[PDB]
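Engineer: For reference, the file entry-v9.json (JSON, C-alpha atoms) is included below:
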```json
[["chain", "number", "residue", "atom", "x", "y", "z"],
["A", 1, "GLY", "CA", -14.31, -7.19, 12.67],
["A", 2, "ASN", "CA", -12.75, -3.78, 12.05],
["A", 3, "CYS", "CA", -9.60, -4.87, 13.88],
["A", 4, "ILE", "CA", -9.33, -7.91, 11.60],
["A", 5, "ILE", "CA", -9.84, -5.66, 8.56],
["A", 6, "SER", "CA", -7.27, -3.18, 9.90],
["A", 7, "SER", "CA", -4.65, -5.88, 10.53],
["A", 8, "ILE", "CA", -5.08, -7.28, 7.02],
["A", 9, "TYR", "CA", -5.08, -3.76, 5.54],
["A", 10, "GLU", "CA", -1.90, -2.82, 7.41],
["A", 11, "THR", "CA", 0.17, -5.95, 6.82],
["A", 12, "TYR", "CA", -1.12, -7.06, 3.39],
["A", 13, "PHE", "CA", -2.43, -4.08, 1.39],
["A", 14, "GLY", "CA", 0.55, -1.73, 1.65],
["A", 15, "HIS", "CA", 1.91, -2.61, -1.80],
["A", 16, "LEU", "CA", -1.15, -2.88, -4.06],
["A", 17, "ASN", "CA", -2.62, -0.43, -6.56],
["A", 18, "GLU", "CA", -6.23, 0.78, -6.47],
["A", 19, "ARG", "CA", -7.92, -1.89, -8.62],
["A", 20, "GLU", "CA", -6.20, -4.86, -6.97],
["A", 21, "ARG", "CA", -6.93, -3.39, -3.53],
["A", 22, "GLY", "CA", -10.59, -3.09, -4.52],
["A", 23, "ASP", "CA", -10.65, -6.71, -5.68],
["A", 24, "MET", "CA", -8.92, -7.79, -2.46],
["A", 25, "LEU", "CA", -11.49, -5.91, -0.35],
["A", 26, "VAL", "CA", -14.25, -7.58, -2.39],
["A", 27, "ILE", "CA", -12.78, -11.04, -1.76],
["A", 28, "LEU", "CA", -12.17, -10.34, 1.93],
["A", 29, "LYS", "CA", -15.72, -9.06, 2.46],
["A", 30, "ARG", "CA", -16.96, -12.17, 0.63],
["A", 31, "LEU", "CA", -14.99, -14.31, 3.09],
["A", 32, "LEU", "CA", -16.34, -12.36, 6.07],
["A", 33, "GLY", "CA", -19.88, -12.82, 4.77],
["A", 34, "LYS", "CA", -19.29, -16.53, 4.21],
["A", 35, "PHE", "CA", -17.95, -17.10, 7.73],
["A", 36, "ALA", "CA", -20.34, -14.57, 9.35],
["A", 37, "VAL", "CA", -18.11, -12.09, 11.18],
["A", 38, "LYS", "CA", -19.59, -8.62, 11.63],
["A", 39, "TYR", "CA", -17.87, -5.74, 9.82],
["A", 40, "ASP", "CA", -18.90, -2.27, 8.66],
["A", 41, "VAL", "CA", -19.73, -1.44, 5.06],
["A", 42, "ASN", "CA", -18.63, 2.14, 5.83],
["A", 43, "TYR", "CA", -15.50, 1.49, 7.92],
["A", 44, "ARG", "CA", -12.47, 3.73, 7.46],
["A", 45, "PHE", "CA", -9.00, 2.98, 8.84],
["A", 46, "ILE", "CA", -8.28, 6.73, 8.69],
["A", 47, "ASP", "CA", -11.08, 7.52, 11.15],
["A", 48, "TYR", "CA", -9.86, 4.73, 13.47],
["A", 49, "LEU", "CA", -6.12, 5.49, 13.39],
["A", 50, "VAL", "CA", -5.42, 8.93, 11.87],
["A", 51, "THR", "CA", -6.19, 11.97, 14.03],
["A", 52, "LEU", "CA", -7.01, 15.49, 12.86],
["A", 53, "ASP", "CA", -3.81, 16.94, 14.33],
["A", 54, "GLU", "CA", -1.74, 14.17, 12.73],
["A", 55, "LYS", "CA", -3.54, 14.69, 9.41],
["A", 56, "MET", "CA", -2.82, 18.43, 9.50],
["A", 57, "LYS", "CA", 0.82, 17.82, 10.47],
["A", 58, "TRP", "CA", 1.28, 15.46, 7.53],
["A", 59, "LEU", "CA", -0.62, 17.75, 5.13],
["A", 60, "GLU", "CA", 1.61, 20.72, 6.00],
["A", 61, "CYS", "CA", 4.71, 18.51, 5.64],
["A", 62, "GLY", "CA", 3.90, 17.89, 1.96],
["A", 63, "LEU", "CA", 1.65, 14.83, 1.94],
["A", 64, "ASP", "CA", -0.92, 14.73, -0.85],
["A", 65, "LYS", "CA", -4.69, 14.73, -0.35],
["A", 66, "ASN", "CA", -5.23, 11.29, -1.91],
["A", 67, "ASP", "CA", -6.54, 8.43, 0.20],
["A", 68, "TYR", "CA", -3.73, 6.27, -1.21],
["A", 69, "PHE", "CA", -0.92, 8.35, 0.28],
["A", 70, "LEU", "CA", -2.91, 8.90, 3.49]]
```
Would you encode the structure as structure tokens?
Structural biologist:
Amino acid sequence: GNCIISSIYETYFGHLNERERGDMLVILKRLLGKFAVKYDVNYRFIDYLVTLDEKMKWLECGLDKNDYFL
């Protein structure tokens, strides 16, 4: 389920603002509940793809602390 969410997040949600991304996550979780595929309420793509060393390397390079830019 998290891999499905991660694929959709990577290839679909890269060009949406915060409110539309929230609505899209709401609709996608509604679809997952309708078709009964297990996913986490508290899943984070950062914890599954971004490492601490990579996060520090990007933070020192000038990246902001927002989840959006992360």
Engineer: Work out how far CA of residue 22 in chain A is from CA of residue 59 in chain A, in Å to one decimal.
Structural biologist: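 So the two atoms, CA of residue 59 in chain A and CA of residue 22 in chain A, lie 25.0 Å apart.
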Engineer: Which distance in Å separates CA of residue 44 in chain A and CA of residue 5 in chain A, to one decimal?
Structural biologist: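 Spanning CA of residue 44 in chain A to CA of residue 5 in chain A is a straight-line distance of 9.8 Å.
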Engineer: Please provide the set of residues having any atom within 12 Å of residue 28 in chain A, restricted to all atoms listed in the file, with same-chain residues fewer than 3 positions apart removed, written as a PyMOL selection string.
Structural biologist: chain A and resi 1+4-6+8-9+12-13+21-25+31-37+39
Engineer: Please, what distance in Å, to one decimal, runs between CA of residue 48 in chain A and CA of residue 3 in chain A?
Structural biologist: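 Computing the Euclidean distance for CA of residue 48 in chain A and CA of residue 3 in chain A yields 9.6 Å.
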Engineer: What's around residue 10 in chain A at 12 Å? Count only C-alpha atoms, leave out sequence neighbours fewer than 6 positions away in its own chain, and write the answer as a PDB file with C-alpha atoms, in the coordinates of the input.
Structural biologist:
```pdb
ATOM      1  CA  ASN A   2     -12.750  -3.780  12.050  1.00  0.00           C
ATOM      2  CA  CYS A   3      -9.600  -4.870  13.880  1.00  0.00           C
ATOM      3  CA  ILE A   4      -9.330  -7.910  11.600  1.00  0.00           C
ATOM      4  CA  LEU A  16      -1.150  -2.880  -4.060  1.00  0.00           C
ATOM      5  CA  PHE A  45      -9.000   2.980   8.840  1.00  0.00           C
ATOM      6  CA  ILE A  46      -8.280   6.730   8.690  1.00  0.00           C
ATOM      7  CA  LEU A  49      -6.120   5.490  13.390  1.00  0.00           C
TER       8      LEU A  49
END
```
